[PDB]
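Coming up, as structure tokens: structure 1 and structure 2, two forms of one and the same protein chain.
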Structure 1
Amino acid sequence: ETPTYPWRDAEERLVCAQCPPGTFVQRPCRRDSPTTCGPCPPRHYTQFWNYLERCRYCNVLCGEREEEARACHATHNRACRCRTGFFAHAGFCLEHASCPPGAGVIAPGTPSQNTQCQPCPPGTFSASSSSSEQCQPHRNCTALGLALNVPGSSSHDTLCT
């Protein structure tokens, strides 16, 4: 059940136990003794069962427009994500795009994807060119008690009298 590995003893061929996440092989197994698993030193990690003779180094630095998603822990590497108004793609970390007047936000900006704009279906509008405004519905002069003097699909809602 316990993950295992083969080793060339300085004596024979024996079958040593592997070491759990957060540890490494500090000393190989011997016929007398089970594997000595030591804890990963600071700024080092092992995320899986392993027979490394040295832990892995937390080698990711967050840079530019990035912050820590995960901290360096004995069982995982450091990780970085793009900041609030920023998203990453193709190897770069660039600021979210704004939906212009006519299209609305159907998907808010995530550290992964860009703000997806979609033109508002007949009956809705988008006033501003920010990345917050969704497709808001038009005013009903009908069910309000007025008359539709002017209506604009693209923006500006509608004007009643």
Structure 2
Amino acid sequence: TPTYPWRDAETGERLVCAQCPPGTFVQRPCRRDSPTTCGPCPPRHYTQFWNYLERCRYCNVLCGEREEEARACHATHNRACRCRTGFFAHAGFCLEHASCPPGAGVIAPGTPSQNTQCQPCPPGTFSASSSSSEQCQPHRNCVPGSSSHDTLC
């Protein structure tokens, strides 16, 4: 259990007090005749580490219109956010995932942390669409199929 120094504001007298744990804060400091008293973080508050605060921290992260709560506000941690489905984080914004245009397909979709990833459809395959998910498909086995258009019968 980690500790902390404290002059009594009564006797000026040097004590070693003990720190409140996560989920709590100092509510009365230790004096000669007692140890520290810790209290519960009220609602919308938190402390996440061993601390000697006189009041709990405020859960001051709020989620954008394009984000959802990754963690929630809890007595032990601040709320945490991430890009909602269909978005990825970049420079503090939440951007829509790319679509790959026609003749391109998705080699990797967009996660919360990244964009869609596309390739030029390789020989023997095609993509008809602006799609953030549709991937390059092999032509049909019957005009020559392009990467954008299927082989025609």
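Residues that one form lacks are left out of the comparison. What we label the rigid core is the largest C-alpha set whose atoms superpose within 1.5 Å from one form to the other. Structure 1's sequence is the ruler for residue numbers, which start at 1.
J.: Using the better-fitting superposition for each C-alpha, decide if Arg27 and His73 are in a common rigid part between structure 1 and structure 2.
T.: Yes, both residues sit in one rigid part.
J.: State in degrees the rotation separating the positions of the smaller rigid part between structure 1 and structure 2, with the larger part superposed on its C-alpha atoms.
T.: The computed domain rotation is 13 degrees.
J.: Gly109: how big is its Cα shift between structure 1 and structure 2, in Å, with the core superposed?
T.: It moves 1.7 Å at the C-alpha.
J.: In Å, how large is the C-alpha displacement of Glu66 between structure 1 and structure 2 after the rigid core is aligned?
T.: Displacement of the C-alpha, rigid core superposed: 0.5 Å.
J.: If you line up the core, how far does the Cα of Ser131 move between structure 1 and structure 2, in Å?
T.: C-alpha shift for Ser131: 3.2 Å.
J.: Report the moving segments between structure 1 and structure 2: consecutive residues, 3 or more per run, each with a CA shift of 2 Å or more after superposition on the core, given in sequence order.
T.: Once the cores are aligned, runs 98-108, 115-141, 150-160 are those whose C-alphas move by at least 2 Å.
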